[PDB]
Amino acid sequence: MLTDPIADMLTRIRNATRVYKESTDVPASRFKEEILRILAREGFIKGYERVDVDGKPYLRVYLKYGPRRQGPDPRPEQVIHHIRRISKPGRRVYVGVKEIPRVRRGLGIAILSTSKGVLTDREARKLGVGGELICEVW
Amino acid sequence: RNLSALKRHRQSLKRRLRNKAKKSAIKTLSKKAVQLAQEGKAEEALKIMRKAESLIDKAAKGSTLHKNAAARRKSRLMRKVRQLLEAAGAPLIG
Amino acid sequence: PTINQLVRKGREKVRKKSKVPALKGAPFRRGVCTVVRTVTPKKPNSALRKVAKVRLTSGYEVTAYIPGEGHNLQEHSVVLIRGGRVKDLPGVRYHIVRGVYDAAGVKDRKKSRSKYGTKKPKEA
Amino acid sequence: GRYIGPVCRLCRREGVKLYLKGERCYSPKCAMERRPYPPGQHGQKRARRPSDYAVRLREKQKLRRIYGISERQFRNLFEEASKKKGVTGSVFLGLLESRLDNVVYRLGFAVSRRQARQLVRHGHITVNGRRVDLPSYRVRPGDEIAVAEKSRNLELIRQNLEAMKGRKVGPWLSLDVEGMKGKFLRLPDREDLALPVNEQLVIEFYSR
Amino acid sequence: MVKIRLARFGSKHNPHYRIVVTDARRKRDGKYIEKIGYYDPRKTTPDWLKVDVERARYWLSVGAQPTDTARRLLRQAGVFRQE
Amino acid sequence: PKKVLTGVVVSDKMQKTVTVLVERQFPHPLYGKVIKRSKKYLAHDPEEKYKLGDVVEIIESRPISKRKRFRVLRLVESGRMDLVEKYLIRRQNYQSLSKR
RNA sequence: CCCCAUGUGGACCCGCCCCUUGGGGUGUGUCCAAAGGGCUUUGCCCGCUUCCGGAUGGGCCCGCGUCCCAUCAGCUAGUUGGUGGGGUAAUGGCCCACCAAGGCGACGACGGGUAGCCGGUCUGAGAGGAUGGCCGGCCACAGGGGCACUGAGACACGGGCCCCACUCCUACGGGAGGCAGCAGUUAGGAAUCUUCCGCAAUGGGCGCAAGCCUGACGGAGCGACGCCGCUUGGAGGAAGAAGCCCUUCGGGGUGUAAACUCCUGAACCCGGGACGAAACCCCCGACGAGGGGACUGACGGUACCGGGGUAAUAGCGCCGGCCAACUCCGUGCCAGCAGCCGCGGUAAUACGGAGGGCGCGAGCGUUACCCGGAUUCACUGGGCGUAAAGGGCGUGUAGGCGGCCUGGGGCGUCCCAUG
RNA sequence: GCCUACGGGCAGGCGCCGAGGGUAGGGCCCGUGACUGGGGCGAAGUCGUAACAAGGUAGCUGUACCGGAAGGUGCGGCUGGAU
Ligand SMILES: [Zn+2]
């Protein structure tokens, strides 16, 4: 069974970039939408539009890559090198505001879900809250 | 092999006998007043309950009756009496 | 293992077995020598090593090594033990503290005197 | 046993000039002049490439031996220096240069570091007014490290100051030769130090 | 009967006290109730004795016989000066 | 603040007493995930009102019997065997897994 | 000690009003008080009685936390609950009687093993692991087991009663003992101190006070057992003594090291000499505030200041790799070394001595034990095709885990304040 | 019996509980031990050659019986079998 949504998502994303696709589909859902909402505004991706595949609702997340390298294997640096769920189901991990992590000397980002909504470590702290720390991405 | 802080034991005995005679005294009186109410001696029963209540409160004055101790005895006595005086009402004295 | 596993079950912490039954965690322990042999070495090296069977205060009657170019350990002599296995001499997990008790310090030692329990020789 | 044995031999062990005797380690002879090889029967022999450890080591010592201070204090200092907010290295030299015995030396009230000690243990040193015999003492900024009235007319000290009219004092220090006084201005900066050492190696060494 | 006393805190030859309030029955250097000042026998610092009369007054009020020596320090602090 | 627990009557064989199943939740002291644990309290019903399968609020009371220092507060949600059933099947299972 | 009276008040029964598990107000009935002593003796001090409150101290209770073994899986009969009664300061199976048939257990009952618990401490980047003596807080015993008395409080280490083991007196009937207090004795052991000084200070008890007691304590002493400071000297001094070591015999080295020159001056000597101590007391003032007077140190003639003053202990480990430090000789799989890999059978940087060298210094080694390295029990942070690891397969119980939209609740979860 | 203001108190007596003991039976843990299995070590003798190359009858294996020995054989399974 599909045991963790977000998780799948992240993996479709992760799994797509690696092969270098332009965009990748993925089951829609307000929440998942708010995460993609972040990515693009954070710049890890171009953007995403709502869609219907044979009648079902899907989110087209549009991939973003780096320039063509020189020399051998000109496989472009990927905008999203790292991306993993931190709090998994059956080992959920909530953090306190003090405890919010700094990612990659603050190069990456972290996304939680606070009672004031789904956020970025930076935003959270600016916001004075903490919550389910969904994922690392850099 | 001596120590004068033993005089205390020499004393405790004195109080053992002291307390003893008082405590038992009460028991007897209570146990006396009791069987009266069984028979319905409304007059005398109390005549005794009264001698009881006093004795109790008297020990309470000293180190013989813990304090509230007197109290319990005062409750467990009177109550055990009133009730019995239902088998034949009308308290004579009061 | 699934986190649940780690939950229901938990990690087994590694128990430690002591390489030395000097009963108490004592550093040494005196004992009376029983037999004084000369066990032969192990596989590669061969020679003739002086050894001693010792009855301790803890109860066990063990085998200890006697370092030094030569000792002076008799039958019912009292001795002392420090503990220190010997590779080419199996079953010999202990040692005899030289210079303490009825065991002498090696005579004619001018080097690692700290051990062997000799004393500062003269010249000034 | 706070060392005290053959000296301008260490000038030799390190291969860098160790100003351990003062006058003389200026005459053709801190030995490094004309006998740079290290001591021992094998001094003149070709030396193999020194393990990372070796350099980290030899360099600790170079520091240490200069100040001539029992590892135990030296390491203690370095520990105390790790606990202070700062560049773990510069601060080290900080206290290192703040020891009464050193100060005296820099103040010029002595031919050498060693000499300075005695000067202290024998008590020829005033400190903000009172005498002091504990060298290891830490001279706070703004202290009048001086000479005891009693000691002023000394064949040694005298002949020393006589020399001072002719040498600038460390930038973090002042002194009025005329009155044989001197003040400790402020903790000296790494940029101010001359030392032929590389703290980094020293630090790197204490993490093994 | 809660008293008001001193507490050894210095060391071998370096006595440094501690004015406090605690139940008679406790140890010298044992769990006190409300620390209200310290006094330095040898007087090395210009500040060899403090008090906070405000709290001192509380105690006495509620009933807290102070030690002979103890009191003396409270008097110096002006614990009881009624002018 | 005298403690208050919410749980369920599972036992009703006793006199004026009821066994209440009280579930608690919390992150594992080291592994982090939410562990769900529980305990049974012997509540106290004077007028024998509370019945099996009822959810109730427990409150710390004056000691009563050996191991019966709680009175029941108010009935929360009545009729819900669902939970009992579980407790029961678990108990029954106990009969298995042995050396008889 | 007892009795009798007074009763501010307080107790108990009953009734009502308020509260709300035995909280508070109230009415009648009944029951309950008590000691005197001292002076500066017509008043002040100490003490006394009943009651409300305070403060401090504590009993009982509950939630969460709290080691290993499942080669311990079922435990329980006062046992789980109820009524009544006893008992207590008090709730309670705590105890008794009767009644009911329960209570607990894989969210590990019961059995076994081990261990006083914590603040903290050790290590660790941390998470964690280890510990829990000195100091402080709490518990537990005071030869073994039982029990109660007296008391605000004990089931009472230097109080009591009994039995038991042990030691000693004994006219053999019967007794006397308990250092896990300080010091010490002996035993056991690798190993752990002086039958010291003082009651000056701090604290405690009793006292109106002077004051008494205080092996609590404050000191000294013994142990490099730890840590920290300190010394054995400083400067000058040869293209370089001697001896010892090495050599390609020319020389290298030990080495500015020494000698010797000058200078300083630990030890040691003489003198001075301490804070810690200012109270209670006494006096004046109202025994208040405030002010004045007196006594009183174990440490100790010690610290410390002044003067004078001798150049005046160095040792242990290591030098094949890890790992800083190399030559010669003796030796010859011997003697021996060794943490691990190993070294030694005539050329040993690995044995034994020596010269030399490195390391550390009143210390250095060794053994033992903790954490560490070890992400080698893996939460951080592991694995399972052949390296050790998928259950021979299925079935499904407990349990874990779970799809999209909207709303309520908000337990988890996050934020604020506060204790 | 002792005391008394005769209300009542002490002495004593009996009783329950009860530390501990006796008798019977059971369980469980420590010491010593005759008799006894195998084990691991180590240089190395003895008889044979099983395995490692198709090791010279491919090997390995559950089982079963047999045998100085290693092992042989049956039956089934496997390749982790050379050509
Ligand atoms: Zn020099």
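In the range D:105-195, which GluC sites (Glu not before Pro) are in a loop and have at most 16 other Cβ atoms within 10 Å, using DSSP for the loop call? Don't skip to the answer; put the middle values down first.
Details: sites: D:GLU144, D:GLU149, D:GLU155, D:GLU162, D:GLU178, D:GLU191; in loops: D:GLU149.
Here the GluC sites (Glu not before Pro) that fit, given the DSSP loop and packing criteria, are D:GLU149.
Rounded to whole Å and sorted largest first, list the principal axis extents of the Cα atoms in chain A.
Result, largest extent first: 45, 42, 26 Å.
Less than 30 Å apart at the alpha-carbon level, and either on another chain or at least 8 residues along: which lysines does that give for A:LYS64?
Partners found: A:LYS21, A:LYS32, A:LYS46, A:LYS56, A:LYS88, A:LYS116, A:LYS126.
Calculate the all-directions average of the projected area of the range E:1-47's alpha-carbon convex hull, and give it in nm².
Numbers: hull surface 13.4 nm².
Answer in nm², one decimal: 3.4.
Over chain E, what number does the Rg to Rh ratio reach, with both radii from the alpha-carbon atoms and Rh per Kirkwood? Before the final figure, lay out the partial values.
On the way: Rg = 12.4 Å, Rh = 12.9 Å.
Across chain E, the Cα-based Rg/Rh ratio is 0.96.
Report the label-to-label distance for C:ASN72 and A:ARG125 in nanometres (one decimal), using points 7 Å from each Cα along the Cα→Cβ vector.
Computed distance between label sites C:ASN72 and A:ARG125 equals 7.6 nm.
Can you sort F:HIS44, F:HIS28, C:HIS76, E:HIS13 from fewest to most other Cβ atoms within 10 Å of each residue's own Cβ? Write down the numbers at each step before the final one.
On the way: F:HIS44 19, F:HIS28 13, C:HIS76 9, E:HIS13 6.
The fewest-first ordering by Cβ neighbours comes to E:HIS13, C:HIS76, F:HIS28, F:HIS44.
Please identify the GluC sites (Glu not before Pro) of the range A:87-138 that satisfy two criteria: DSSP loop assignment and at most 11 other Cβ atoms within 10 Å. Which are they? Don't skip to the end; give the middle numbers.
Details: sites: A:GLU99, A:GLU123, A:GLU132, A:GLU136; in loops: A:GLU99.
For GluC sites (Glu not before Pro) across the range A:87-138 that sit outside H, G, I, E and B with at most 11 neighbouring Cβ atoms in 10 Å, the list reads A:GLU99.
Where in the range D:3-106 are there GluC sites (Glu not before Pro) that are in a DSSP coil and have at most 14 other Cβ atoms within 10 angstrom of their Cβ? Present the calculation step by step, with values, prior to reporting the outcome.
Values: sites: D:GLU14, D:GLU23, D:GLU33, D:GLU59, D:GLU71, D:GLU79, D:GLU80, D:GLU97; in loops: D:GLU23, D:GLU33.
When the GluC sites (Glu not before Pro) of the range D:3-106 are filtered for loop state and at most 14 Cβ neighbours within 10 Å, D:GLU23, D:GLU33 remain.
Mind grabbing the base-10 log of I(q)/I(0) for the protein assembly as shown at q = 0.09, 0.11, 0.12 Å⁻¹? Debye formula, identical points on the C-alpha positions, no solvent, two decimal places.
Cα-only, vacuum Debye calculation for the protein assembly as shown: -1.26, -1.24, -1.28.
Once the Cβ-Cβ distance between B:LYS22 and B:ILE93 is put in as r, and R0 is 30 Å, what FRET efficiency do you end up with, to the nearest 0.05?
The calculated FRET efficiency here is 0.75.
Answer with one residue from B:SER4, B:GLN83, B:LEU46: the one whose Cα lies farthest towards the positive end of the charge dipole of chain B, charges on Cβ with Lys, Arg +1 and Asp, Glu -1.
B:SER4
So if the hydrodynamic radius of the range B:1-53 is defined as the Kirkwood radius over C-alpha pairs, what does Stokes-Einstein give as its diffusion coefficient at 4 °C and 1.567 mPa s, in µm² per second? Before the final figure, lay out each step's value.
Values: Rh = 13.3 Å.
Answer from the Stokes-Einstein relation: 97 µm²/s.
Considering the alpha-carbon set of the range A:3-80 alone, what are its Rg and its Dmax in angstrom?
13.4, 45
Looking only at A:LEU36, A:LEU107, A:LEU119, which one moves most when chain A is put into a Gaussian network model with springs between Cα atoms under 10 Å?
A:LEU107
Work out, in µm²/s and without decimals, the Stokes-Einstein translational diffusion coefficient of chain D at 25 °C, 0.890 mPa s, Rh from Kirkwood over C-alpha pairs. Walk me through the intermediate numbers first.
Numbers: Rh = 18.3 Å.
The estimated diffusion coefficient comes to 134 µm²/s.
Over the alpha carbons of the range A:81-138, what is the largest minus smallest coordinate on each principal axis, giving the biggest first in Å?
28, 28, 17
In whole Å, what are the extents of chain C along the principal axes defined by its C-alpha atoms, from largest to smallest?
Largest first, chain C extends 73, 38, 35 Å along its Cα principal axes.
Which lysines, if any, have their Cα less than 17 Å from the Cα of E:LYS50, not counting same-chain residues under 8 positions apart?
Those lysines meeting the cut-off are E:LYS35.
Taking a cut-off of 27 Å between Cα atoms, list the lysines near C:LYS122, but don't count ones fewer than 8 places away on the same chain.
C:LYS107, C:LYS110, C:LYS111
With the convex hull built on the Cα atoms of chain F, state its orientation-averaged projected area in nm². Before the final figure, lay out each step's value.
Values: hull surface 36.1 nm².
With every direction weighted equally, the projected area is 9.0 nm².
What is the mean number of Cβ atoms from other protein chains located within 10 Å of the Cβ atom of each residue in peptide D:126-136, rounded to a whole number?
Details: counts 0, 0, 0, 0, 0, 0, 0, 0, 0, 0, 0.
Mean shielding count: 0.
In deg cm²/dmol and to the nearest 500, what is the mean residue ellipticity at 222 nm of chain F if only DSSP H runs of at least 4 residues count, each as -39500 (n - 2.57), divided by the residue total?
Values: 1 runs with 14 residues, N = 100.
Estimated from H runs of four or more residues: -4500 deg cm²/dmol.
Neighbour counts are summed over all protein chains in view; Cβ atoms, including those assigned to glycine, are modelled from backbone coordinates with ideal geometry. A short reminder: the numbers here are calculations on the coordinates, not readings from a lab.
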